[PDB]
Amino acid sequence: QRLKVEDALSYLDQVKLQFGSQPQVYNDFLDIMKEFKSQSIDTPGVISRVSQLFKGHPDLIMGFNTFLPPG
Amino acid sequence: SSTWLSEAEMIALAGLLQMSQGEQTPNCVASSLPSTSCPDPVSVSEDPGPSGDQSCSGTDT
């Protein structure tokens, strides 16, 4: 109702589409999420790393920050 | 019963939607006003009075 998971998945496909020729950024993204999902880094670490993980395409990043709490 | 995509994407995403909200009550601990001490109680109290013929309403009055 606020964040929605279905929208997140749609975003996942969008990333796989653009970087279809470079599945590297994809694996690195999800991998990071799992590291945070388990025990390794924190929230600021995921946001920063991912931000640098998509260096070159401010589009995906712009839409990615939308998910995170604004303010 | 319901099989989805790879488990890898399911986990990473789970954390994604959980992180975007894991900063207040969903995961993090802050503001006990919304919902912190009451995650999913059983909802039950001693028979008080007029409030339904379920199992709580004094005794007869």
# chains A, B, ... in the order shown; residues from 1 in each chain; ligands from 1
$ select_by_dssp --residues "chain A" --states "alpha helix (DSSP H)" --output "PyMOL selection string"
chain A and resi 5-18+23-38+43-53+58-64
$ residues_around --residues "region 53-63 of chain A" --least-positions-apart "5" --cutoff "8 Å" --atoms "only C-alpha atoms" --output "NGL selection string"
:A and (15 or 25 or 28-29)
$ residues_around --residues "residue 33 (chain B)" --least-positions-apart "5" --cutoff "12 Å" --atoms "only C-alpha atoms" --output "number ranges by chain"
B: 24-25, 38
$ write_last_selection --atoms "C-alpha atoms" --output "PDB file, in the first residue's frame"
ATOM      1  CA  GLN B  24      10.839   2.391  12.354  1.00  0.00           C
ATOM      2  CA  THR B  25       8.609  -0.466  13.543  1.00  0.00           C
ATOM      3  CA  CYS B  38       1.858  -5.287  20.269  1.00  0.00           C
TER       4      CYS B  38
END
$ interface_residues --of "chain B" --to "chain A" --cutoff "12 Å" --atoms "only C-alpha atoms" --output "ChimeraX atom specification"
/B:4-24,27-28
$ decode --residues "chain B" --atoms "C-alpha atoms" --output "CSV table (one decimal), in the first residue's frame"
chain,number,residue,atom,x,y,z
B,1,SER,CA,2.7,-24.7,-2.8
B,2,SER,CA,3.5,-21.5,-4.7
B,3,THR,CA,6.9,-21.6,-6.5
B,4,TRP,CA,8.4,-18.3,-7.6
B,5,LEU,CA,11.6,-17.2,-9.3
B,6,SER,CA,15.1,-18.1,-8.1
B,7,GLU,CA,15.7,-18.0,-4.3
B,8,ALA,CA,18.5,-15.5,-4.8
B,9,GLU,CA,16.3,-12.8,-6.2
B,10,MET,CA,13.6,-13.6,-3.6
B,11,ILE,CA,16.1,-13.1,-0.8
B,12,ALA,CA,17.7,-9.9,-2.1
B,13,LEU,CA,14.3,-8.4,-2.9
B,14,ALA,CA,12.9,-9.4,0.5
B,15,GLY,CA,15.7,-7.4,2.1
B,16,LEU,CA,15.0,-4.5,-0.3
B,17,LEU,CA,11.4,-4.1,0.7
B,18,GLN,CA,12.3,-4.9,4.3
B,19,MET,CA,15.1,-2.2,4.3
B,20,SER,CA,13.0,0.5,2.8
B,21,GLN,CA,10.7,0.1,5.9
B,22,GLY,CA,13.2,-1.4,8.4
B,23,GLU,CA,13.8,1.9,10.1
B,24,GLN,CA,10.8,2.4,12.4
B,25,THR,CA,8.6,-0.5,13.5
B,26,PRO,CA,8.8,-3.2,10.8
B,27,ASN,CA,12.4,-4.2,11.6
B,28,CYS,CA,14.1,-1.3,13.5
B,29,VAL,CA,13.0,-0.2,17.0
B,30,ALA,CA,11.6,3.3,17.3
B,31,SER,CA,8.3,5.0,18.4
B,32,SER,CA,6.3,2.6,20.7
B,33,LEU,CA,3.2,4.6,19.7
B,34,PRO,CA,2.4,2.9,16.4
B,35,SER,CA,3.1,-0.8,17.0
B,36,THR,CA,6.1,-2.1,19.0
B,37,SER,CA,4.8,-3.7,22.2
B,38,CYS,CA,1.9,-5.3,20.3
B,39,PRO,CA,3.1,-7.3,17.2
B,40,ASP,CA,0.3,-9.8,17.1
B,41,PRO,CA,-1.4,-10.4,20.6
B,42,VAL,CA,-4.1,-13.0,21.1
B,43,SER,CA,-6.6,-10.3,22.0
B,44,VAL,CA,-8.4,-11.5,25.1
B,45,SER,CA,-9.5,-10.1,28.5
B,46,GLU,CA,-11.6,-11.0,31.5
B,47,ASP,CA,-15.3,-10.7,31.1
B,48,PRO,CA,-15.9,-7.0,31.7
B,49,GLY,CA,-19.3,-6.0,30.4
B,50,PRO,CA,-21.4,-5.2,27.3
B,51,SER,CA,-18.9,-5.8,24.4
B,52,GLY,CA,-20.2,-8.9,22.6
B,53,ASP,CA,-21.4,-12.3,23.5
B,54,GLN,CA,-18.1,-13.8,22.4
B,55,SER,CA,-16.4,-14.6,25.8
B,56,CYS,CA,-16.1,-11.3,27.6
B,57,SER,CA,-19.0,-9.5,29.3
B,58,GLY,CA,-19.1,-9.5,33.1
B,59,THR,CA,-21.4,-12.4,33.9
B,60,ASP,CA,-25.0,-11.4,33.3
B,61,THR,CA,-25.1,-7.7,33.7
